[PDB]
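S.K.: Handing you a structure now.
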There are 2 protein chains.
Amino acid sequence: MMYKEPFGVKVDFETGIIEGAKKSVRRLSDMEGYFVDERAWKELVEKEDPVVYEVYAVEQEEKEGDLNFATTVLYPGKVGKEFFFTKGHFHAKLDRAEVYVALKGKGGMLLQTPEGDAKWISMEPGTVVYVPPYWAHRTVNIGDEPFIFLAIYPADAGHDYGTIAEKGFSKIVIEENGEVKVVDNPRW
Amino acid sequence: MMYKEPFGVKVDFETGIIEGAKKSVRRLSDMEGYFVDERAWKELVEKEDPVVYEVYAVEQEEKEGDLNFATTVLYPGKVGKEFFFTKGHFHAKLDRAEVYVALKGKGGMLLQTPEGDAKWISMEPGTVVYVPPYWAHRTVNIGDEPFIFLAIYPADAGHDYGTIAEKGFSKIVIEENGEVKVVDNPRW
Ligand SMILES: O=P(O)(O)OC[C@H]1O[C@H](O)[C@@H](O)[C@@H](O)[C@@H]1O
Ligand SMILES: O=P(O)(O)OC[C@H]1O[C@H](O)[C@@H](O)[C@@H](O)[C@@H]1O
Ligand SMILES: [Zn+2]
Ligand SMILES: [Zn+2]
């Protein structure tokens with residue numbers, strides 16, 4: 001049969017960049033209906049519309065058994081009191097797991113089941129996070145530099161953004177009184 | 001509904017130790033029939049029997065879509081001219097891919113199709129290697145310090161050592177005249 005070519009790519013642990021990879025950029029304007037404070041959101045899009053995160057993805061065709069990988073560069077910032085985060089998604093094939101390796105910066109992961117039960121996992125450089133089957137997953141930057149990580153996921157996992165885009169996560173991550181707090185989402 | 005609990009674990013990029021993982025140790029004596037220089041193997045076993053590699057594995061049940069991960073510490077050394085390496089394997093489910101992230105030291109990966117078509121990929125810290133479906137894979141330490149890396153693989157991939165145990169790879173990685181060479185395996 002035909003076999004695909006093995007390859008190596010260099011990942012820059014300082015920047016998160018993978019040369020030759022498919023780069024995506026999410027600005028604040030790409031994230032309407034995501035943050036609790038919509039007026040803060042609106043003002044920030046009008047003033048500056050900052051980059052929230054960059055993704056450098058190395059993807060295969062969607063086949064059982066195969067693997068994708070991507071780095072994400074999550075910029076530091078808040079919308080109101082709420083730290084910058086990734087959109088978050090379930091997988092289209094719902095039982096697909098995921099593995100994240102934290103490389104630089106300070107943050108964590110919010111995860112939740114289709115029932116809506118949430119989990120928070122702190123991430124520092126060297127933290128490996130196991131995302132099990134069925135858990136939606138979103139990363140949050142709670143520090144003052146880019147939070148940079150590498151994610152490895154099944155090529156056929158796909159992305160299911162819709163549920164999260166409408167209702168969000170049952171927990172939010174905010175700064176209150178000079179302190180990082182994981183608290184119930186008011187809008188849940 | 002049964003949902004597995006997400007977790008995070010600290011991986012020390014300087015040691016490759018994962019606390020709480022299933023630890024495997026492979027000494028040179030566990031690697032009979034793997035090295036070209038059989039007399040040099042037997043002598044090093046009698047004189048020292050060093051640890052060739054240690055694995056720290058975090059494994060799930062063998063389920064489609066789920067993921068395992070493991071770090072490996074491949075110690076520096078040669079049997080004759082041939083650098084220390086992992087046993088190497090195809091996956092039991094052949095079409096399963098793997099992703100490796102190099103963390104410390106200097107090394108590389110030898111890859112091979114069921115037809116014996118071979119490939120060599122250099123690995124240095126920050127190198128990410130894509131191991132495609134159907135390729136057997138073996139890591140090699142070409143330096144004087146430990147070669148440390150993380151691997152993420154499908155939970156139902158399995159391991160097939162047999163073919164590699166008896167026949168080996170079609171290429172070998174040796175030190176000849178002060179330089180690293182990937183050359184034809186003379187025993188192939
Ligand atoms: O939830 P989002 O916006 O897809 O961001 C998450 C992104 O980061 C990670 O690198 C991976 O999980 C990607 O699959 C994903 O695209
Ligand atoms: O199994 P081998 O060839 O001895 O290599 C040692 C280990 O290296 C990597 O960490 C992974 O691919 C493991 O699945 C493997 O067991
Ligand atoms: Zn995912
Ligand atoms: Zn493997």
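Just remember, in the structure tokens the first chain shown is A, the second B, etc., residues are 1-based per chain, and ligands are 1-based in the order shown.
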Write out as a list in words which residues come within 9 Å of residue 142 of chain A when counting only C-alpha atoms, dropping same-chain ones fewer than 2 positions away.
M.R.: residues 76, 77, 78, 83, 84, 105, 106, 107, 108, 140, 144, 145, 147, 173, 174, 175 and 180 of chain A
S.K.: Chain A residues within 8 Å of chain B, counting only C-alpha atoms: which ones, as an MDAnalysis selection string?
M.R.: chainID A and resid 3:13 64:67 69 95:99 111 113 119 121:123 126:134 152 154 157
S.K.: Since we have the selection now, will you write its residues out, keeping C-alpha atoms, as a PDB file, in the first residue's frame?
M.R.:
ATOM      1  CA  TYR A   3       2.518   5.045   3.311  1.00  0.00           C
ATOM      2  CA  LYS A   4       2.675   8.642   4.490  1.00  0.00           C
ATOM      3  CA  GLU A   5       6.036  10.295   5.124  1.00  0.00           C
ATOM      4  CA  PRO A   6       7.263  10.536   8.731  1.00  0.00           C
ATOM      5  CA  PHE A   7       8.559  14.000   9.601  1.00  0.00           C
ATOM      6  CA  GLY A   8       9.922  16.109  12.418  1.00  0.00           C
ATOM      7  CA  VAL A   9       9.102  19.773  13.066  1.00  0.00           C
ATOM      8  CA  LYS A  10      10.739  22.163  15.500  1.00  0.00           C
ATOM      9  CA  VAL A  11       8.463  23.741  18.089  1.00  0.00           C
ATOM     10  CA  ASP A  12       9.698  27.009  19.600  1.00  0.00           C
ATOM     11  CA  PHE A  13       9.021  26.807  23.351  1.00  0.00           C
ATOM     12  CA  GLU A  64      -9.529   6.415  12.843  1.00  0.00           C
ATOM     13  CA  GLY A  65      -6.199   5.785  14.550  1.00  0.00           C
ATOM     14  CA  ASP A  66      -4.332   8.826  13.200  1.00  0.00           C
ATOM     15  CA  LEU A  67      -3.153  11.873  15.191  1.00  0.00           C
ATOM     16  CA  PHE A  69      -1.036  18.092  16.951  1.00  0.00           C
ATOM     17  CA  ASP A  95     -15.539   9.883  22.945  1.00  0.00           C
ATOM     18  CA  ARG A  96     -12.201  11.169  21.570  1.00  0.00           C
ATOM     19  CA  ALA A  97      -9.650  12.053  24.287  1.00  0.00           C
ATOM     20  CA  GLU A  98      -6.888  14.692  24.179  1.00  0.00           C
ATOM     21  CA  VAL A  99      -3.451  15.301  25.703  1.00  0.00           C
ATOM     22  CA  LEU A 111     -13.403  20.904  31.365  1.00  0.00           C
ATOM     23  CA  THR A 113     -19.281  16.871  30.639  1.00  0.00           C
ATOM     24  CA  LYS A 119     -13.442  20.701  36.469  1.00  0.00           C
ATOM     25  CA  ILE A 121      -6.899  21.921  36.380  1.00  0.00           C
ATOM     26  CA  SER A 122      -3.938  24.305  36.993  1.00  0.00           C
ATOM     27  CA  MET A 123      -1.222  24.333  34.318  1.00  0.00           C
ATOM     28  CA  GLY A 126       5.716  20.760  32.361  1.00  0.00           C
ATOM     29  CA  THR A 127       2.066  20.017  33.315  1.00  0.00           C
ATOM     30  CA  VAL A 128       0.535  17.279  31.130  1.00  0.00           C
ATOM     31  CA  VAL A 129      -3.269  17.263  31.121  1.00  0.00           C
ATOM     32  CA  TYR A 130      -5.356  14.243  30.169  1.00  0.00           C
ATOM     33  CA  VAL A 131      -8.661  15.320  28.603  1.00  0.00           C
ATOM     34  CA  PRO A 132     -10.899  12.207  28.793  1.00  0.00           C
ATOM     35  CA  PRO A 133     -13.646  11.143  26.343  1.00  0.00           C
ATOM     36  CA  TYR A 134     -16.806  13.329  26.550  1.00  0.00           C
ATOM     37  CA  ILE A 152      -2.212  16.075  20.665  1.00  0.00           C
ATOM     38  CA  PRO A 154      -7.179  12.106  17.261  1.00  0.00           C
ATOM     39  CA  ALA A 157     -12.015  13.970  16.837  1.00  0.00           C
TER      40      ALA A 157
END
S.K.: Using only C-alpha atoms and all ligand atoms, find each residue with an atom at most 7 Å away from ligand 4 and format the answer as a PyMOL selection string.
M.R.: chain B and resi 89-91+98+137+153+159
S.K.: Please identify which residues in chain A DSSP calls strand (DSSP E) from the backbone, and express them as an MDAnalysis selection string.
M.R.: chainID A and resid 7:10 22:27 51:58 67:74 78:79 82:83 98:104 107:112 118:123 127:131 136:141 147:154 171:176 179:184
S.K.: Nearest to residue 82 of chain B among B:184, B:37, B:30, B:160, with distances taken over only C-alpha atoms: which residue is it?
M.R.: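 Checking each candidate against residue 82 of chain B, we get B:37 as the closest.
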S.K.: Using DSSP on the backbone, list every residue of chain A that comes out as helix (DSSP H, G or I), and give them as a list in words.
M.R.: residues 28, 29, 30, 31, 38, 39, 40, 41, 42, 43, 44, 45, 46, 47, 162, 163, 164, 165, 166 and 167 of chain A
S.K.: Could you report the residues within 6 Å of ligand 2, using only C-alpha atoms and all ligand atoms, as a PyMOL selection string?
M.R.: chain B and resi 70-72+86-89+138+151
S.K.: What is the atom CA of residue 172 of chain A to atom 9 (C, counted along the ligand's line) of ligand 1 distance in Å?
M.R.: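 Between these atoms lies a distance of 19.1 Å.
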S.K.: What is the atom CA of residue 38 of chain A-atom 13 (C, counted along the ligand's line) of ligand 1 distance in Å, reported with one decimal?
M.R.: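 Calculated distance between atom CA of residue 38 of chain A and atom 13 (C, counted along the ligand's line) of ligand 1 is 25.2 Å.
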S.K.: Give the answer as one residue: which of A:118, A:182, A:79, A:148 has the shortest atom-to-atom distance to residue 53 of chain A, using only C-alpha atoms?
M.R.: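 For residue 53 of chain A, the nearest of the candidates is A:148.
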